[PDB]
Amino acid sequence: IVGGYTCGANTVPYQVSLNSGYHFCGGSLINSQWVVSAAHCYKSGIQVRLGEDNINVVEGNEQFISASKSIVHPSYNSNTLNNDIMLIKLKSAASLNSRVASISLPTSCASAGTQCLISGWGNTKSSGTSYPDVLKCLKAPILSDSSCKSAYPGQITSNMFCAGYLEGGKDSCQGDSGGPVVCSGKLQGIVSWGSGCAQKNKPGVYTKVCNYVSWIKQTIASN
Ligand SMILES: [Ca+2]
């Protein structure tokens, strides 16, 4: 996260870390057995880390759980990043408490201007690379579809939204992918892609979770 602040330990109880011997993506807990993340974070060997603040120190409150399976959206397109969503089933059910809790799915899409909380352990630099130990947070509005499309003409599908600041200085960055975008208590977005980090007129692009609620529900029911 570039331009954000320290969240505070366990204040984003639905944030997960995907680990393969290092932190490579984020994700959100949506029930005791399932995490949502981005299709592009897809790899074998994933250990889901819940209740993490400092990802380098065991502090207490962590639960380390192997993914049992990862489900990339069948229509995911790695050139376009259209349908950039993935579900991960935990080998066993997390223990839900105040530190480790699930985020609700929206029942309707958010409008332009809604303020959301984005969070991750990704690079905190616009230029160069500086990874934090602790979770960082950012408040960012959802931009209008007109602005989003005039920033990335021919690249925005109806399953993507833009959020952030046209002025540069504040954004998600390398490391943050798969992580939540939460707006009024629901998960509206997934960190997906952009152009550099916190560059002027190049806001971050997010997966539009409201378009996937049925798919999520349907796939979880059958697995
Ligand atoms: Ca830790």
# chains A, B, ... in the order shown; residues from 1 in each chain; ligands from 1
>>> select_by_dssp(residues="chain A", states="strand (DSSP E or B)", output="PyMOL selection string")
chain A and resi 2+5-6+15-19+23-29+34-37+47-50+63-72+77+82+86-90+104+115-120+136-142+160-163+171+180-183+186-193+204-208
>>> closest_atom_pairs(of="stretch 26-133 of chain A", to="stretch 139-145 of chain A", cutoff="7 Å", atoms="only C-alpha atoms", output="Markdown table")
| residue | atom | partner | partner_atom | distance |
| --- | --- | --- | --- | --- |
| A:112 | CA | A:144 | CA | 5.0 |
| A:113 | CA | A:141 | CA | 5.1 |
| A:114 | CA | A:141 | CA | 5.3 |
| A:115 | CA | A:141 | CA | 4.1 |
| A:116 | CA | A:140 | CA | 5.5 |
| A:117 | CA | A:139 | CA | 4.7 |
| A:118 | CA | A:139 | CA | 6.5 |
>>> closest_residue(among="A:31, A:19, A:68, A:123", to="ligand 1", atoms="only C-alpha atoms and all ligand atoms")
A:19
>>> residues_around(residues="residue A:219", least_positions_apart="4", cutoff="9 Å", atoms="only C-alpha atoms", output="PDB file with N, CA, C and O atoms, in the first residue's frame")
ATOM      1  N   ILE A  71      -9.598 -22.635  -6.516  1.00  0.00           N
ATOM      2  CA  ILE A  71     -10.475 -22.589  -7.672  1.00  0.00           C
ATOM      3  C   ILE A  71     -10.374 -21.237  -8.374  1.00  0.00           C
ATOM      4  O   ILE A  71     -11.197 -20.369  -8.090  1.00  0.00           O
ATOM      5  N   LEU A  87     -11.124 -18.776  -5.465  1.00  0.00           N
ATOM      6  CA  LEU A  87     -11.620 -19.195  -4.139  1.00  0.00           C
ATOM      7  C   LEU A  87     -10.634 -20.225  -3.636  1.00  0.00           C
ATOM      8  O   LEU A  87     -10.304 -21.147  -4.397  1.00  0.00           O
ATOM      9  N   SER A 214     -23.256 -14.851  -6.982  1.00  0.00           N
ATOM     10  CA  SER A 214     -23.842 -16.169  -7.346  1.00  0.00           C
ATOM     11  C   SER A 214     -22.843 -17.280  -7.622  1.00  0.00           C
ATOM     12  O   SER A 214     -23.057 -18.455  -7.219  1.00  0.00           O
ATOM     13  N   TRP A 215     -21.832 -16.952  -8.379  1.00  0.00           N
ATOM     14  CA  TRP A 215     -20.744 -17.866  -8.761  1.00  0.00           C
ATOM     15  C   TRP A 215     -20.115 -18.337  -7.446  1.00  0.00           C
ATOM     16  O   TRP A 215     -19.961 -19.542  -7.234  1.00  0.00           O
ATOM     17  N   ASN A 223     -18.797 -27.657  -3.352  1.00  0.00           N
ATOM     18  CA  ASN A 223     -17.414 -28.107  -3.060  1.00  0.00           C
ATOM     19  C   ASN A 223     -17.258 -28.335  -1.541  1.00  0.00           C
ATOM     20  O   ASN A 223     -16.108 -28.646  -1.087  1.00  0.00           O
TER      21      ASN A 223
END
>>> atom_distance(atom1="atom CA of residue A:187", atom2="atom CA of residue A:208")
9.4 Å
>>> residues_around(residues="residue A:7", least_positions_apart="2", cutoff="10 Å", atoms="only C-alpha atoms", output="list in words")
residues 4, 5, 9, 10, 11, 12, 53, 119, 120, 134, 135, 136, 137 and 138 of chain A
>>> closest_residue(among="A:121, A:72, A:28, A:93", to="ligand 1", atoms="only C-alpha atoms and all ligand atoms")
A:121
>>> closest_residue(among="A:66, A:77, A:211, A:127", to="residue A:90", atoms="only C-alpha atoms")
A:66
>>> closest_atom_pairs(of="chain A", to="ligand 1", cutoff="10 Å", atoms="only C-alpha atoms and all ligand atoms", output="CSV")
residue,atom,partner,partner_atom_place_in_ligand_line,distance
A:9,CA,ligand 1,1 (Ca),9.8
A:49,CA,ligand 1,1 (Ca),8.6
A:50,CA,ligand 1,1 (Ca),9.0
A:51,CA,ligand 1,1 (Ca),7.7
A:52,CA,ligand 1,1 (Ca),4.8
A:53,CA,ligand 1,1 (Ca),5.5
A:54,CA,ligand 1,1 (Ca),4.5
A:55,CA,ligand 1,1 (Ca),4.3
A:56,CA,ligand 1,1 (Ca),5.6
A:57,CA,ligand 1,1 (Ca),4.5
A:58,CA,ligand 1,1 (Ca),4.1
A:59,CA,ligand 1,1 (Ca),5.2
A:60,CA,ligand 1,1 (Ca),7.0
A:61,CA,ligand 1,1 (Ca),7.9
A:62,CA,ligand 1,1 (Ca),6.2
A:63,CA,ligand 1,1 (Ca),9.5
A:133,CA,ligand 1,1 (Ca),8.8
A:134,CA,ligand 1,1 (Ca),8.6
>>> write_last_selection(atoms="N, CA, C and O atoms", output="mmCIF file, in the first residue's frame")
data_model
loop_
_atom_site.group_PDB
_atom_site.id
_atom_site.type_symbol
_atom_site.label_atom_id
_atom_site.label_comp_id
_atom_site.auth_asym_id
_atom_site.auth_seq_id
_atom_site.Cartn_x
_atom_site.Cartn_y
_atom_site.Cartn_z
ATOM 1 N N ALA A 9 -2.899 -3.768 14.926
ATOM 2 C CA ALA A 9 -2.973 -5.225 14.996
ATOM 3 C C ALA A 9 -4.410 -5.736 14.999
ATOM 4 O O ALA A 9 -5.201 -5.316 15.885
ATOM 5 N N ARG A 49 -2.493 -17.678 5.973
ATOM 6 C CA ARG A 49 -2.110 -17.193 7.327
ATOM 7 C C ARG A 49 -3.189 -16.246 7.842
ATOM 8 O O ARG A 49 -3.283 -15.199 7.188
ATOM 9 N N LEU A 50 -3.925 -16.546 8.895
ATOM 10 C CA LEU A 50 -5.001 -15.733 9.462
ATOM 11 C C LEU A 50 -4.560 -15.094 10.785
ATOM 12 O O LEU A 50 -3.574 -15.658 11.280
ATOM 13 N N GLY A 51 -5.127 -13.921 11.048
ATOM 14 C CA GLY A 51 -4.809 -13.250 12.323
ATOM 15 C C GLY A 51 -3.408 -12.676 12.410
ATOM 16 O O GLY A 51 -2.974 -12.417 13.555
ATOM 17 N N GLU A 52 -2.832 -12.296 11.289
ATOM 18 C CA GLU A 52 -1.484 -11.749 11.143
ATOM 19 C C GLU A 52 -1.493 -10.218 11.235
ATOM 20 O O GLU A 52 -2.459 -9.571 10.870
ATOM 21 N N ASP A 53 -0.472 -9.746 11.953
ATOM 22 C CA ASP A 53 -0.185 -8.292 11.954
ATOM 23 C C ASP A 53 1.216 -8.173 11.333
ATOM 24 O O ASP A 53 1.431 -7.997 10.137
ATOM 25 N N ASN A 54 2.240 -8.495 12.101
ATOM 26 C CA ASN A 54 3.641 -8.517 11.716
ATOM 27 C C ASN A 54 3.815 -9.836 10.958
ATOM 28 O O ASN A 54 3.594 -10.862 11.589
ATOM 29 N N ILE A 55 4.155 -9.919 9.684
ATOM 30 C CA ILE A 55 4.190 -11.263 9.056
ATOM 31 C C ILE A 55 5.527 -11.983 9.234
ATOM 32 O O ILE A 55 5.745 -13.116 8.703
ATOM 33 N N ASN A 56 6.356 -11.268 9.978
ATOM 34 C CA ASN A 56 7.701 -11.853 10.152
ATOM 35 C C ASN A 56 7.849 -12.415 11.558
ATOM 36 O O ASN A 56 8.838 -13.136 11.842
ATOM 37 N N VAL A 57 6.981 -12.010 12.462
ATOM 38 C CA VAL A 57 7.161 -12.456 13.850
ATOM 39 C C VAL A 57 5.910 -13.278 14.236
ATOM 40 O O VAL A 57 4.831 -12.770 13.931
ATOM 41 N N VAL A 58 6.077 -14.393 14.900
ATOM 42 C CA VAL A 58 4.908 -15.019 15.574
ATOM 43 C C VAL A 58 4.617 -14.164 16.835
ATOM 44 O O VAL A 58 5.393 -14.097 17.813
ATOM 45 N N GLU A 59 3.426 -13.615 16.921
ATOM 46 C CA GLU A 59 3.068 -12.728 18.019
ATOM 47 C C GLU A 59 1.982 -13.269 18.948
ATOM 48 O O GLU A 59 1.549 -12.553 19.887
ATOM 49 N N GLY A 60 1.202 -14.146 18.356
ATOM 50 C CA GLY A 60 0.032 -14.786 18.975
ATOM 51 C C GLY A 60 -1.165 -14.420 18.074
ATOM 52 O O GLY A 60 -1.024 -13.407 17.343
ATOM 53 N N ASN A 61 -2.098 -15.333 18.012
ATOM 54 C CA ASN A 61 -3.314 -14.978 17.233
ATOM 55 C C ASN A 61 -3.189 -15.466 15.795
ATOM 56 O O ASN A 61 -4.286 -15.476 15.189
ATOM 57 N N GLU A 62 -2.031 -15.970 15.428
ATOM 58 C CA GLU A 62 -2.024 -16.479 14.038
ATOM 59 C C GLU A 62 -2.698 -17.848 13.945
ATOM 60 O O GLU A 62 -2.601 -18.584 14.919
ATOM 61 N N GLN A 63 -3.245 -18.319 12.854
ATOM 62 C CA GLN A 63 -3.690 -19.665 12.489
ATOM 63 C C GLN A 63 -3.093 -19.865 11.086
ATOM 64 O O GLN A 63 -3.213 -18.964 10.197
ATOM 65 N N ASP A 133 6.535 -4.794 7.660
ATOM 66 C CA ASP A 133 6.341 -6.016 8.481
ATOM 67 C C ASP A 133 4.841 -6.125 8.852
ATOM 68 O O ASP A 133 4.321 -7.246 8.926
ATOM 69 N N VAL A 134 4.250 -4.985 9.142
ATOM 70 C CA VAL A 134 2.889 -4.833 9.610
ATOM 71 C C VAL A 134 1.948 -4.436 8.467
ATOM 72 O O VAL A 134 2.307 -3.836 7.451
#
>>> decode(residues="stretch 55-183 of chain A", atoms="C-alpha atoms", output="compact mmCIF listing (two decimals), in the first residue's frame")
# COMPACT_ATOMS: atom_id res chain seq x y z
CA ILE A 55 4.19 -11.26 9.06
CA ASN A 56 7.70 -11.85 10.15
CA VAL A 57 7.16 -12.46 13.85
CA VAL A 58 4.91 -15.02 15.57
CA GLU A 59 3.07 -12.73 18.02
CA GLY A 60 0.03 -14.79 18.97
CA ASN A 61 -3.31 -14.98 17.23
CA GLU A 62 -2.02 -16.48 14.04
CA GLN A 63 -3.69 -19.67 12.49
CA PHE A 64 -1.62 -21.29 9.71
CA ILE A 65 -3.87 -23.52 7.53
CA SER A 66 -3.01 -25.27 4.23
CA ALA A 67 -5.21 -24.58 1.32
CA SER A 68 -7.09 -27.75 0.48
CA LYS A 69 -8.01 -26.53 -3.01
CA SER A 70 -7.74 -23.40 -5.14
CA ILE A 71 -10.47 -22.59 -7.67
CA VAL A 72 -9.59 -20.04 -10.37
CA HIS A 73 -12.60 -18.60 -12.19
CA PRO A 74 -12.97 -20.78 -15.38
CA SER A 75 -13.20 -17.60 -17.49
CA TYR A 76 -10.12 -15.93 -16.05
CA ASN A 77 -7.98 -14.36 -18.83
CA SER A 78 -4.39 -13.87 -17.89
CA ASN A 79 -3.85 -11.30 -20.70
CA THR A 80 -6.68 -9.01 -19.69
CA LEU A 81 -7.07 -10.01 -16.04
CA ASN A 82 -10.88 -10.21 -16.75
CA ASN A 83 -12.52 -12.55 -14.08
CA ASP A 84 -9.53 -12.06 -11.77
CA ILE A 85 -11.01 -14.04 -8.81
CA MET A 86 -10.18 -17.31 -7.10
CA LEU A 87 -11.62 -19.20 -4.14
CA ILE A 88 -9.47 -21.16 -1.76
CA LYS A 89 -10.81 -23.88 0.53
CA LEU A 90 -9.02 -24.32 3.82
CA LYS A 91 -7.83 -27.85 4.82
CA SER A 92 -9.73 -27.19 8.14
CA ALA A 93 -12.07 -24.51 9.49
CA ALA A 94 -10.44 -21.46 11.02
CA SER A 95 -11.33 -20.49 14.57
CA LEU A 96 -13.47 -17.35 14.28
CA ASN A 97 -13.00 -14.76 17.04
CA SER A 98 -12.49 -10.99 17.24
CA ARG A 99 -9.09 -11.34 15.54
CA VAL A 100 -10.22 -13.70 12.85
CA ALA A 101 -13.62 -12.97 11.30
CA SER A 102 -15.27 -13.25 7.87
CA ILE A 103 -16.34 -10.35 5.66
CA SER A 104 -19.84 -10.34 4.10
CA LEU A 105 -20.48 -10.45 0.35
CA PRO A 106 -22.34 -7.49 -1.10
CA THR A 107 -25.97 -7.82 -2.08
CA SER A 108 -25.60 -4.91 -4.55
CA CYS A 109 -22.71 -3.12 -6.24
CA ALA A 110 -21.32 0.13 -4.61
CA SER A 111 -21.71 3.46 -6.42
CA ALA A 112 -18.98 5.86 -7.59
CA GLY A 113 -17.73 7.91 -4.65
CA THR A 114 -18.21 5.20 -1.98
CA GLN A 115 -15.19 5.21 0.35
CA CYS A 116 -13.58 1.79 0.98
CA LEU A 117 -10.70 0.38 3.00
CA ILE A 118 -7.93 -1.44 1.10
CA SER A 119 -5.15 -3.29 3.01
CA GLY A 120 -2.10 -5.47 2.40
CA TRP A 121 1.59 -6.06 3.12
CA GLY A 122 2.67 -4.99 -0.43
CA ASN A 123 5.34 -2.43 -1.38
CA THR A 124 4.96 0.98 0.30
CA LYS A 125 7.00 2.72 -2.47
CA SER A 126 5.91 4.39 -5.68
CA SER A 127 9.53 4.17 -6.71
CA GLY A 128 11.84 1.48 -5.41
CA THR A 129 10.65 -1.26 -3.12
CA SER A 130 10.03 -1.23 0.63
CA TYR A 131 7.89 -4.04 2.13
CA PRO A 132 6.40 -3.54 5.63
CA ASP A 133 6.34 -6.02 8.48
CA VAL A 134 2.89 -4.83 9.61
CA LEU A 135 -0.36 -4.52 7.74
CA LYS A 136 -1.03 -1.16 6.04
CA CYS A 137 -4.41 0.42 5.31
CA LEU A 138 -5.73 2.93 2.83
CA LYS A 139 -9.05 4.79 2.47
CA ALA A 140 -9.89 5.21 -1.32
CA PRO A 141 -13.16 6.13 -3.11
CA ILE A 142 -14.50 4.15 -6.11
CA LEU A 143 -14.10 6.32 -9.20
CA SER A 144 -16.67 6.86 -11.91
CA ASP A 145 -16.70 4.44 -14.80
CA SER A 146 -16.08 7.38 -17.13
CA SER A 147 -12.94 8.34 -15.32
CA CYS A 148 -11.88 4.69 -15.07
CA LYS A 149 -12.25 4.16 -18.83
CA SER A 150 -10.60 7.38 -19.86
CA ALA A 151 -7.56 6.30 -17.68
CA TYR A 152 -7.35 2.80 -19.31
CA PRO A 153 -9.23 3.01 -22.63
CA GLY A 154 -10.13 -0.43 -24.15
CA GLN A 155 -8.91 -2.27 -20.92
CA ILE A 156 -11.88 -1.95 -18.49
CA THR A 157 -14.59 -4.71 -18.58
CA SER A 158 -17.81 -4.63 -16.64
CA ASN A 159 -16.13 -6.85 -13.92
CA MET A 160 -13.59 -4.18 -12.96
CA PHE A 161 -13.76 -0.86 -11.21
CA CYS A 162 -11.18 1.82 -10.52
CA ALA A 163 -10.48 3.15 -7.01
CA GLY A 164 -7.99 5.57 -5.61
CA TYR A 165 -6.53 9.01 -6.46
CA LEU A 166 -5.85 10.61 -9.87
CA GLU A 167 -3.33 12.83 -8.15
CA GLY A 168 -0.99 9.82 -7.55
CA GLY A 169 0.55 9.20 -4.11
CA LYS A 170 -1.85 6.62 -2.70
CA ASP A 171 -2.49 3.17 -4.05
CA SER A 172 -2.15 -0.60 -3.76
CA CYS A 173 1.15 -1.99 -5.10
CA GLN A 174 3.06 -5.25 -5.71
CA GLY A 175 2.20 -7.68 -2.87
CA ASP A 176 -1.27 -6.33 -2.24
CA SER A 177 -2.92 -8.43 -4.98
CA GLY A 178 -5.78 -10.68 -3.94
CA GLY A 179 -6.47 -8.39 -0.87
CA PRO A 180 -9.85 -6.85 0.12
CA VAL A 181 -11.55 -3.62 -0.86
CA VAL A 182 -14.32 -3.25 1.81
CA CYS A 183 -17.02 -0.55 1.50
